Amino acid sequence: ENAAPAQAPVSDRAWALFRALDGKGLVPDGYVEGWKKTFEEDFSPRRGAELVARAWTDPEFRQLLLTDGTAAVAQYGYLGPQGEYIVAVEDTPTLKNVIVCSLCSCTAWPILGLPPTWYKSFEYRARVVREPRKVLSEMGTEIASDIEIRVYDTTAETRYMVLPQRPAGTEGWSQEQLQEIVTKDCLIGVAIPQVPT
């Protein structure tokens, strides 16, 4: 044995759960529809990119973001579920930060967006804590051994964003231009921002 339990199709189970609660009047009108739109449209890594581009171009903001991330994010209005206590962790020429939730999937939803399938994978949850240099390499990001990798495991209520280093070749770019190169993967810490080649 050790076979899977017999189960109805997951779509049938998920809607059954919805209908069972909705039909008891326990789900407000438009409630799941409303959160689906928020999850899809408002919770976005374009927000953390905005935050990084501002930090890159404004030393005072950079200082606030690194000492009180919550307050910095709230200036933009981007606090939310899974993002109420924020810490931004700063990459340096000798330090690369990477975020995971080894126990499930915790992520700063409102400024990174909902986590992608790969970040919730057992591969990433098991491996990046122990062998982050190999994992990043396999993912496309080479981290020289002259750089410490620091993995933050999201085990409680702190929710993290990485502030990556500003790459050369971007001097004098606008906020807008900078934002474009700070991707979701840069904010998680598995990618370094790239300047077109």
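Quick note: we count residues from 1 along the sequence shown, nothing fancier.
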Notebook entry, point to check: Which of the two stretches, 77-85 or 96-104, shows the higher mean Cα temperature factor in the record?
Noted result: 77-85
Check: Per the entry, where is the mean C-alpha temperature factor higher: 157-165 or 36-44?
Finding: 36-44
Note to self: Highest recorded C-alpha temperature factor, please, choosing from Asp146, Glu138, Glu50, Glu131.
What the structure shows: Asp146
Checklist line | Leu26 - Cα temperature factor, lowest/middle/highest third of chain | finding: middle
Checklist line | Ranked against its chain, the third holding the CA B-factor of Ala3 | finding: highest
Check: Can you tell me which third, lowest, middle or highest, the CA B-factor of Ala191 falls into for its chain?
Finding: middle
Check: Would the CA B-factor of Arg54 place it in the lowest, middle or highest third of its chain?
Finding: middle
Margin query: Looking at the temperature factor on the CA atom of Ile111, which third of the chain's modelled residues does it land in?
Written below: lowest
